[PDB]
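K.L.:
pasting the sequence and an experimental structure:
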Amino acid sequence: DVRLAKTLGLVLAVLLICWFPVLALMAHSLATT
């Protein structure tokens, strides 16, 4: 990270799959089921 190597790393690893707009899409664009 710029702080350490985990807080943003987690945010990055999480945002990469949780960011903000792709979730509403993910629930339909990715279409789990």
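P.N.:
Yes, it's here. Residues are numbered from 1 along each chain as shown.
K.L.:
now do the helices in this structure.
P.N.:
7-15, 21-25 (DSSP state H).
K.L.:
and the ones you listed: which comes nearest residue 31?
P.N.:
Among these, the nearest to residue 31 by Cβ to Cβ is helix 21-25 (9.8 Å). To be clear about C-beta, it is placed using only N, CA and C from the backbone, and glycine gets the same treatment.
K.L.:
which residues does the closest one contact?
P.N.:
residue 29 (Cβ atoms under 8 Å, 6 or more residues apart in numbering).
K.L.:
now do 10 Å
P.N.:
15, 16, 17, 19, 29, 30, 31 (Cβ atoms under 10 Å, 6 or more residues apart in numbering).
K.L.:
repeat for stretch 7-15
P.N.:
1, 2, 3, 6, 18, 19, 22.
K.L.:
find the centremost residue of the chain, please.
P.N.:
By Cα atoms, centre = their mean, the chain has its centre lying nearest to residue 15, at 2.1 Å.
K.L.:
what sits against residue 6?
P.N.:
residue 13.
K.L.:
show the backbone phi and psi for it.
P.N.:
Backbone torsions of residue 6, given as degrees, to the nearest 10, read phi -150, psi -50.
K.L.:
count of neighbours near the nearest residue to residue 2 once chain neighbours are set aside?
P.N.:
Distance criterion Cβ to Cβ, 6 or more residues apart in numbering; nearest residue to residue 2, sequence neighbours excluded, is residue 8 at 6.6 Å. By other Cβ atoms under 10 Å, the residues close to residue 8 number 13.
K.L.:
same question, residue 2
P.N.:
6.
K.L.:
residue 20 now?
P.N.:
Neighbours around residue 20, by other Cβ under 10 Å: 7.
K.L.:
over to residue 22?
P.N.:
14.
K.L.:
much appreciated, bye for now.
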